[PDB]
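Structure first, commentary second.
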Amino acid sequence: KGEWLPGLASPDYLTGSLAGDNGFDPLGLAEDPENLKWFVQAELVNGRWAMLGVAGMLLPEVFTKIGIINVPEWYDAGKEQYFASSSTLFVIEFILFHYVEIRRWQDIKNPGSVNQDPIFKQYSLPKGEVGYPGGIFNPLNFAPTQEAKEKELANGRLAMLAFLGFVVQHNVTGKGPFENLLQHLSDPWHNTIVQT
Amino acid sequence: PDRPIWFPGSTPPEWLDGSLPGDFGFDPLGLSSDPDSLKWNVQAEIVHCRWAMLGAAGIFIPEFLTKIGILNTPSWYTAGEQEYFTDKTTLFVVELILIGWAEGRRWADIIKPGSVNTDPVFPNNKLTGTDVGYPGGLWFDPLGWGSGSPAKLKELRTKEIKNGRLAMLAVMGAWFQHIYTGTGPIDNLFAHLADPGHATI
Amino acid sequence: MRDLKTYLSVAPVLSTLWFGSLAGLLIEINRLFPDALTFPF
Amino acid sequence: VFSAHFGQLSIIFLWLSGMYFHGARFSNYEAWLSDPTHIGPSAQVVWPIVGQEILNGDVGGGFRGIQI
Amino acid sequence: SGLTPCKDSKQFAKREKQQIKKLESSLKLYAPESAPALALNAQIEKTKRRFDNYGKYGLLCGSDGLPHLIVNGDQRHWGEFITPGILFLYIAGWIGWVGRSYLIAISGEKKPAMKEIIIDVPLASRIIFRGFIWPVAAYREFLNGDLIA
Ligand code: CLA
Ligand code: CLA
Ligand SMILES: CC(/C=C/C=C(C)/C=C/[C@@]12O[C@]1(C)C[C@@H](O)CC2(C)C)=C\C=C\C=C(C)\C=C\C=C(C)\C=C\[C@@]12O[C@]1(C)C[C@@H](O)CC2(C)C
Ligand SMILES: CC(/C=C/C=C(C)/C=C/[C@@]12O[C@]1(C)C[C@@H](O)CC2(C)C)=C\C=C\C=C(C)\C=C\C=C(C)\C=C\[C@@]12O[C@]1(C)C[C@@H](O)CC2(C)C
């Protein structure tokens, strides 16, 4: 089992059965076993959403830079006009996300409670651990072994860090995310956080 | 028990039994009564002595070669004002990161010995040292001088510690000589040797 | 010595050290950002 | 009792040393000595931190401070 | 509410001018290069910058020429009371959580009263860092039911 700091004994409440475990808890936030489950689910959801956001706000910048397409940066996408008003799209989002989020919340409370379709009674998801619905959400039927879960959690943590870095990049420098990387490579020892 | 003491005819403290290398029973203030304090202070002294040997040789050797006429390097006091390819704060940050990894590994070794004796990424390579503060291994002890009869190890560690105390004193002396007289350390030595009686204050 | 550490951890000495550090810090901000009434951030 | 008296004597001597030193470095003693009647004695000076330097009045002799 | 901005307050300007005139009255008493004169010259600049900054932040002055604070919750005056309020609440919660967490740790000892006089510094240093996440910690502890005895 991995250790986040050699010479430091891991906390006892982290038995190592969970995926992506390294005994990292200096503040002891997961001392209560109940809090551990909620924190695990929150970490998973935040990781997935941050992964999607970082990918979707990094790739179009590269595509615009190379010359395949012409799309503005990630921060100024709000000024562009669309076929519907922003309030209308927000109303669609607010109604739409409520259903799925309440479904997930209901699963978190009672596992296996919402596995049955509410309109058509003959379709349902197979039993599984909470936070990994499986079934239709895994159309290719990949093996959900522990190694794949560890890979997912590691990528999620890296995505969280990357998103925070992107936000701080835009707040201070005021330039694009990929523009900064090219600026750093031109003169590595003269273009750094120290100068700015 | 019968080893030479710093103050002959006096009674050495009861927590200094002479087992440690370079022990002369000198602790009038009793700053190391507790065993943990003893171990921490021993590690601090060893690190200070090694850094002193590293620094002392880097101050007088360049100035000797400069005054003798071989090189032209500036004074050690003003070496922090010279031109460099990048701002000194960037160099400070890089140094901080590298020395941070090194000193963090060393700190992990002190608290829980034997916890950092294996290569994190190549488990084949290990370090063969057994005592804290003397890592050994191929990385640090290539010539095999760190292992042998206990008497030889004790004598070698004693001579290393004595050289370290001398180096620490010499480095502080160089600093104060240059703050006072306003010239290089070698110039002070030559001025003293020219007229030992009068060339002081 | 151990007694030196034990006497240094007693309530009055520790409280005085903490309050002195606190007062020094507060004077530092009051010197760095003098005559402050509103947050300009 | 003997040792307590010795400690009190030490404290008194420290107080006298402070009083004698402050009049040498932070005082207008010489200017007052050149004109005792029209100059107000002073031996204390305040740091300008929170606007408290208003206590440095014009006591005369080209000096600003608290009149003792 | 009948209040005018600082930048357009004739009484504010009069206060600034009067303070500067009073300060300059004592400057004429010393030689221009002297240390008291140098110290006095630094006071005038401080007053000028203070008045400029007060005018620049959109503070509201009444008929007196003195700024007033609006704490009703207006979005244009959140820096007066709302912004410093949350900071104070966070800091006070940090202090209270640290103090509460220290007492619980030593309550299980045989003589818990002895640790309230000779503070266990190695134990206290560990708890200090834990107060950074006090809002989350208290929110989670309230739901679980461990907040109240
Ligand atoms: C920082 C350097 C340093 C350190 C950590 C030590 C540490 C130690 N020495 Mg040591 N030593 C040093 C420098 C140092 N020495 C030097 C330069 C000399 C030559 C003069 C010696 C000569 C010496 C002898 C002869 C002996 C030791 C011994 C010991 C051990 C027991 C004493 C002890 O714990 O005191 C704690 C030591 C400290 C340095 C703690 C710091 C306390 C003071 C306050 C430091 C500041 C002093 C400074 C001059 C005051 C500045 C104020 C003002 C002038 C500005 C201990 C491991 C004894 C032993 O058994 O060795 C194994 C022993 O017999 N030392
Ligand atoms: C290795 C130790 C060492 C050595 C060899 C020297 C040597 C010298 N120092 Mg010196 N010095 C030292 C440490 C040392 N110092 C320290 C630690 C300080 C800070 C307190 C000073 C402060 C100092 C000043 C301010 C001046 C000198 C000067 C001098 C030179 C003239 C002699 C003199 O008046 O010194 C007097 C030395 C002292 C008052 C310090 C006491 C000696 C220390 C404690 C070491 C104790 C002796 C040592 C154990 C002997 C064994 C080593 C031996 C092989 C040399 C001479 C080359 C003068 C100069 O520039 O020459 C013109 C001068 O003005 N030194
Ligand atoms: C999810 C996430 C990001 C979501 C982003 C999305 C959707 C982006 C979307 C957009 O791009 C598109 C789509 C369009 C862009 O135009 C429009 C926007 C909207 C901009 C970030 C999480 C980001 C979360 C972060 C970074 C969290 C870091 C937390 C840390 C480190 C905790 C550390 C500790 O917790 C441990 C580690 C142990 C604890 O015991 C104690 C300590 C030590 C304290
Ligand atoms: C520790 C020290 C002094 C020691 C103090 C002593 C004796 C204390 C002794 C006692 O405690 C005992 C034992 C017992 C107690 O009961 C009593 C006292 C009396 C309290 C000296 C040096 C201590 C520290 C040293 C030696 C520092 C070294 C510095 C270096 C390496 C500098 C390197 C560079 O110079 C280069 C090479 C090139 C330049 O260009 C750049 C720079 C960076 C300047």
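Chains as they are written, first to last, in the numbering used here: chain A, 44 to 239; chain B, 159 to 359; chain C, 36 to 76; chain D, 5 to 72; chain E, 68 to 216.
A virtual CB, placed ideally from N, CA and C, is assigned to each residue, including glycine.
Give the straight-line distance between the Cα atoms of B:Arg208 and B:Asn321, rounded to the nearest whole angstrom. 9 Å
8 Å Cβ cutoff, E:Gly160 in contact with chain C: no
Looking only at its own chain, which residues have a Cβ that is under 7 Å from the Cβ of A:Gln149, when we skip the five neighbours before and after it? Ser156, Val157
Under the three-state DSSP convention, the category A:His233 falls into: coil
Where does D:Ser21 fall in DSSP's three states? helix
If we count the other Cβ atoms within 10 Å of its Cβ and call it buried at 16 or more, is B:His336 buried or exposed? buried
Let me make sure I understand the geometry here. Which of A:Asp75, A:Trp81, A:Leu48, A:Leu61 has the alpha-carbon closest to that of A:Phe67? A:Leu48
Distance, Cα to Cα, D:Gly27 vs C:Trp53? 33 Å
Who pairs with D:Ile70 in a beta bridge, going by DSSP? D:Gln48
Under 8 Å, Cβ to Cβ, is there at least one residue of chain B near C:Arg66? no
Would you kindly work out how many angstroms separate the C-alpha atoms of A:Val97 and A:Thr188, rounded to a whole number? 26 Å
Under the criterion of a Cβ to heavy atom distance below 7 Å, does B:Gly291 qualify as lining ligand 1? no
For A:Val237 and chain B, any beta-carbon pair shorter than 8 Å? yes
For the segment 93-107 of chain A and the segment 194-210 of chain A, state whether three or more C-beta atom pairs, one from each stretch, are separated by less than 8 Å. yes
Leaving aside the five residues before and after D:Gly65 along the sequence, list all residues of the same chain whose C-beta is less than 7 Å from its C-beta, in chain order. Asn32, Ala35, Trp36, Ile43
For E:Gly129, I'd like the list of residues in its chain whose CB is within less than 8 Å of its CB, leaving aside the five on either flank, ordered along the chain. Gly69, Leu70, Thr71, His135
Between the segment 269-283 of chain B and the segment 54-66 of chain C, do at least 3 Cβ pairs fall closer than 8 Å? no
By Cβ distance, which residues of its chain are closer than 8 Å to B:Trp297, with the 5 residues on each side in sequence left out? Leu285
Within its chain, find whatever has a CB closer than 8 Å to the CB of D:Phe30; leave out the 5 residues flanking it on each side and keep chain order. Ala47, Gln48, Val49, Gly69
Closer than 7 Å from C-beta to any heavy atom of ligand 2: which residues, in chain order? B:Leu324, B:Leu327, B:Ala328, B:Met330, B:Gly331, B:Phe334, B:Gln335, B:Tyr338, B:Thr339, B:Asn346, B:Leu347, B:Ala349, B:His350, B:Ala357, B:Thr358, B:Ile359
Quick check: is the beta carbon of E:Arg167 nearer than 8 Å to any beta carbon in chain A? no
Let me know if E:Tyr121 comes out buried or exposed under the rule of 16 or more other beta-carbons within 10 Å of its beta-carbon. buried
C-beta atoms of E:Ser174 and E:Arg197 nearer than 8 Å: no
With E:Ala216 and E:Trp164 assumed to form a contact (beta carbons below 8 Å), what rounded beta-carbon distance in angstroms separates them? Not quite, the Cβ-Cβ distance comes to about 16 Å (not below 8 Å), so this is no contact.
Can you have a look at residue 109 of chain B and say buried or exposed, based on whether 16 or more other CB atoms are within 10 angstroms of its CB? Not covered by the structure: residue 109 of chain B. The range shown for chain B is 159 to 359.
Does the beta carbon of B:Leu223 fall short of 7 Å from some heavy atom of ligand 4? no
With a threshold of 7 Å on Cβ separation, who are the neighbours of A:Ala62 within its own chain once the five nearest residues in sequence on each side are excluded? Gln189, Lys192, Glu193, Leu196
According to DSSP, what are the bridge partners of D:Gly61? D:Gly69
Simplified DSSP assignment, three categories, for E:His135: strand
Counted within 10 angstroms of its Cβ, other Cβ atoms place B:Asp353 as buried (16 or more) or exposed: exposed
Tell me the rounded alpha-carbon separation between E:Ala102 and B:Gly238. 34 Å
Under the assumption that B:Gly183 contacts B:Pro193 (Cβ atoms under 8 Å), give the Cβ distance between them as a whole number of angstroms. Contact doesn't hold; Cβ gap of about 17 Å is too wide.
With a threshold of 16 other CB atoms inside 10 Å of the CB of B:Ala210, please say whether the residue is buried or exposed. buried
Proximity test, Cβ basis, 8 Å: E:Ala191 and chain A: no
Say whether chain B places a C-beta atom closer than 8 Å to the C-beta of A:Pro69. no
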